[PDB]
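Going down the list, the protein sequences come from chains A, B, C and D.
Positions 23 to 125 (the numbering used here) are the ones given, in order, by the first sequence.
Positions -18 to 193 (the numbering used here) are the ones given, in order, by the second sequence.
Positions 97 to 202 (the numbering used here) are the ones given, in order, by the third sequence.
Positions 5 to 223 (the numbering used here) are the ones given, in order, by the fourth sequence.
For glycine and all other residues, C-beta sits at the position ideal for the given N, C-alpha and C.
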Amino acid sequence: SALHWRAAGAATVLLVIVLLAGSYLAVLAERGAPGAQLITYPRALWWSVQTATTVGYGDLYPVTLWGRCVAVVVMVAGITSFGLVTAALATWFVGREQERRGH
Amino acid sequence: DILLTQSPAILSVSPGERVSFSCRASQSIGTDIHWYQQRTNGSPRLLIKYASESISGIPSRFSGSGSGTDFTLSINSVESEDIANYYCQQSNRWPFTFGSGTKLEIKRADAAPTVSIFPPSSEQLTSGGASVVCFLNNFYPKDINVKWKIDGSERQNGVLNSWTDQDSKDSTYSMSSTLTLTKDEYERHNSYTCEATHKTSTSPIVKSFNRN
Amino acid sequence: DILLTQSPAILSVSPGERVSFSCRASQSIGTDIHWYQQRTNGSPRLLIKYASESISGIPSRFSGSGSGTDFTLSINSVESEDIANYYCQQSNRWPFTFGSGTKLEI
Amino acid sequence: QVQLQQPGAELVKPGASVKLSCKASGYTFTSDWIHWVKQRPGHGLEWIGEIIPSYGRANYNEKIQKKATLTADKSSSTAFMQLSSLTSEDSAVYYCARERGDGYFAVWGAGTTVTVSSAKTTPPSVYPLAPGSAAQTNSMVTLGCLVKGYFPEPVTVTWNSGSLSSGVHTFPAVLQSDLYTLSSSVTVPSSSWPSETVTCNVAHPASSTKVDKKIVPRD
């Protein structure tokens, strides 16, 4: 089975792991900081997802250094993962256009 | 930190009636408010979570409502078992904080006290002491006065009283007047009486007992 | 600009007792509040930064707390050396502003 | 089954320092937080601090003097709170509760009564209280038993090991010279006594003593 498709898959399992860990680490880092709202697992998960997809509505965000550090990792993972899929879709289109022409 | 204001502090209501305690957050906390019940000497018990979600095992009688800064915990049809302290607690922002608490208090039909006088025990006398216990049980209102008389003569020394918070079984109150003397002081006196004066009757309820 | 209200202006307390000065911001400033001490004729001295973080060299006696608009600077067990003026200062929004000051008096 | 277990009481001398325990059982997750709440007699609940066993981190309430240090032993499923250099101000009931990381305290422990005094631990003395020889009676009879000379609080008074629940009043203790005193009252059908035995169970956690005392009529 083609590499680009393996990577895409990996990227997804990975992203999910990061989202989950991201949620846990965020709450762990944010609790103890007065005024912090990223302090319960369920919403933290919703937070990381909206962060990984880079949407970030602003209803939730870390205020501590480690929380933000966890945010960066999640942002980057989401961006890389989704970009890696786009890349897989390209290799797919490129590889098949070569077919519709012969090679 | 978020401040949770619970006023009134005390709530008086008639049996079966509907009742509501309010909780105000110093800032918008969505629905991240939770309600706890704590009866006399027990630990808190979760009633409602997230402002309106019900917990299993909690009488369908309890409901919650609100969002933002104003939250309400209602009890449709109050009953004796509901006599307790109610607290609210928010998890919107760190650190979790608690409300000052609201005491639920039921107003039932007047009840005259059930007086009972108890002569000290032999096991106790055996060690030099002598305690004459008297009970003023299940009366209402809670305003009651107890008078001691040793041989027809009002006594006031060595008397320690204790009242119980409103009972969660029948919405009444009870008091325990304990007259403590040495075997000596007790040996040299005839009759011990305990008089109870309560709104339920102009005439004072009395219970005496002669040492012999 | 953000207004920092410090009341009471003067605080009287008995030696060894616990004491707390309050600082209220006209708007939510997170934890961007800092506390300074200034004895008679000296320059200000940083006591607590960011509402609760401690500075090195400052008696463990001094603590801070609060977030949003209500901040507290406490001194567990006051003593003569604590007699001074205490100010709060925010860095949440420009320009930085100062509180009116609270005089500790034993 | 009782999810959080805490020692009934702890006596501590001013300046000393006790270490409270709270052992859990039931479903224990990696997202669990154990909290500690302090309740001074007559007052409300005050959040002290929290700890996440699966990781070991703990946070405390900044609005108050930090007199606690939270720790957790993974294997034994027990969370601990180290209160140090206590004073009368520190005397209160300390509860521990479990929070599933979703913000609310699902279950609380029975709490540990902590009394900070110089006074010495004195077990309670239990004496019976049966009606006097010349006291007439109707459908119900009020018996009871007196618990005095104990320290520190508290004492737990049950009737017939708990079977007899209905009709019991266990008055709040009165204090006088480093020794508490209280009485419990029970009421049963006058017909059912003394044919059916009525005993009062008095437990005093501070002195590791629980004594029984049957209430038989007076000679």
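Listed by chain order, chain C residues near residue i by CB distance under 7 Å
i       : result
D:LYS42 : Going along chain C, no residue has its Cβ under 7 Å from D:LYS42, so there is no contact; the nearest lies around 16 Å.
Under 9 Å by beta carbon: chain C residues contacting residue i
i       : result
D:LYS67 : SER161, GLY162, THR168 and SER170
A:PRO64 : What A:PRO64 touches in chain C: nothing, since even the nearest Cβ is about 23 Å away.
Strand pairing of residue i, partner residues [DSSP]
i                      : result
D:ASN205               : D:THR162
B:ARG136               : B:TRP129
C:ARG141               : C:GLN133
B:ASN171               : Partner(s): none; B:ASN171 has no beta bridge.
D:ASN63                : D:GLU54
D:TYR154               : D:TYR184
D:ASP77                : D:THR82
residue 201 of chain B : Outside the displayed span of chain B (-18 to 193) sits residue 201 of chain B, for which this structure offers no information.
A:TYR63                : Partner(s): none; A:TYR63 has no beta bridge.
B:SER184               : Looking at the DSSP assignment, B:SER184 forms no beta bridge with any residue, so it has no partner.
C:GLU149               : C:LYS145
C:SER161               : C:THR168
B:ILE(-9)              : B:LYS84
B:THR161               : B:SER112
D:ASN142               : None, per the DSSP bridge assignment.
A:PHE115               : Its beta-bridge partners do not exist; DSSP assigns none.
D:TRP112               : D:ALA101
C:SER118               : C:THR168
D:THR32                : DSSP output for D:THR32 lists no bridge partner at all.
Close beta carbons around residue i, own chain, < 6 Å, minus the five adjacent residues each side
i        : result
B:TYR68  : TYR17, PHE79, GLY80 and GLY82
B:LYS188 : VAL96, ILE98 and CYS175
B:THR161 : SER112 and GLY139
D:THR141 : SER194
B:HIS15  : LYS30 and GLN70
D:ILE56  : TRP37
C:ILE125 : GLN186 and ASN188
A:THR86  : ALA51, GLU52 and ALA55
B:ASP13  : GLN71, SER72 and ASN73
9 Å Cβ cut-off: residues of chain B touching residue i
i       : result
A:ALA55 : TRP75
Interface residues of chain A facing residue i [CB-CB closer than 9 Å]
i          : result
B:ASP(-18) : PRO56 and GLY57
D:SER35    : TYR46, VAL49 and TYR63
Within chain D, the residues that residue i reaches when beta carbons sit closer than 9 Å
i        : result
A:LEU50  : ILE56, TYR59 and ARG61
C:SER139 : Going along chain D, no residue has its Cβ under 9 Å from C:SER139, so there is no contact; the nearest lies around 28 Å.
Proximal residues to residue i (C-beta, below 8 Å), its chain only, five neighbours per side dropped
i         : result
A:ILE61   : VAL49, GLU52 and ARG53
D:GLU103  : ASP36, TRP37, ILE38, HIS39, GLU54, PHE109 and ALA110
D:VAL130  : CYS149, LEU150, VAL151, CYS204, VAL206, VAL215 and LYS217
B:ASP148  : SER61, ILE64, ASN119, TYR154 and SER155
C:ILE151  : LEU142, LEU143, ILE144 and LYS145
C:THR165  : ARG120, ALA121, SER122, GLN123, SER124 and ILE125
B:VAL(-6) : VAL0, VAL59, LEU85, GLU86, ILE87 and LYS88
A:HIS26   : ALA109, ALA110, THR113 and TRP114
Proximal chain B residues relative to residue i, where beta-carbon distance stays under 8 Å
i        : result
A:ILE39  : Result: empty, since nearest Cβ-Cβ is about 26 Å, beyond 8 Å.
D:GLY136 : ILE98, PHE99, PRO100 and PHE190
D:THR146 : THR95, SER97, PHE116 and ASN118
Where residue i meets chain D, residues with beta-carbon distance less than 7 Å
i        : result
B:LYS30  : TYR108
C:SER108 : By Cβ distance, chain D contributes nothing, its closest Cβ being about 21 Å from C:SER108, past 7 Å.
Nonlocal neighbours in the same chain, by C-beta distance under 7 Å from residue i, ignoring five residues either side
i        : result
D:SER25  : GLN10, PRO11, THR82 and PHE84
D:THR162 : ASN205
C:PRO104 : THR198
B:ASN126 : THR178
D:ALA62  : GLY53, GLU54, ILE55 and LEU74
Chain-ordered chain D contacts of residue i [CB-CB under 8 Å]
i        : result
C:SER103 : Chain D residues near C:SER103: none, gap ~18 Å exceeds 8 Å.
How about the region 149 to 157 of chain D and the region 179 to 194 of chain D: do they share at least three Cβ pairs that are nearer than 8 Å?
-> yes
Using 8 Å as the threshold, is the region 46 to 63 of chain B in touch with the region -12 to -1 of chain B, meaning 3 or more CB pairs across them?
-> yes
Could you please tell me which residues of the region 110 to 135 of chain C, in chain order, have their CB closer than 9 Å to any CB of chain A?
-> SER124, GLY126 and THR127
Counting Cβ pairs closer than 8 Å, one from the region 205 to 216 of chain D and one from the region 121 to 141 of chain D, do we hit at least three?
-> yes
Near-chain A residues of the region 174 to 199 of chain C - C-beta to any C-beta below 9 Å | none
Which residues, in order along the region 103 to 119 of chain D, keep a beta-carbon less than 7 Å from a beta-carbon of chain A?
-> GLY105, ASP106 and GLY107
Are there three or more Cβ pairs, one per stretch, closer than 8 Å when the region 71 to 82 of chain D is compared with the region 103 to 119 of chain D?
-> no
Between the region 28 to 45 of chain A and the region 100 to 110 of chain A, are three or more C-beta pairs nearer than 8 Å?
-> yes
Name, going along the chain, the residues of the region 145 to 174 of chain B whose beta-carbon falls closer than 9 Å to a beta-carbon of chain D.
-> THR145, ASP146, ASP148, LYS150, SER155, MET156, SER157, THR159 and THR161
Decide yes or no for the touch test of the region 106 to 117 of chain A against the region 11 to 31 of chain B: beta carbon pairs closer than 8 Å, at least 3 of them.
-> no
Determine which residues of the region 117 to 129 of chain B have a Cβ less than 9 Å from any Cβ of chain D, and write them out in chain order.
-> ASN118 and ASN119
Meets three-Cβ-pair contact criterion under 8 Å: the region 101 to 116 of chain B and the region 143 to 160 of chain B = yes
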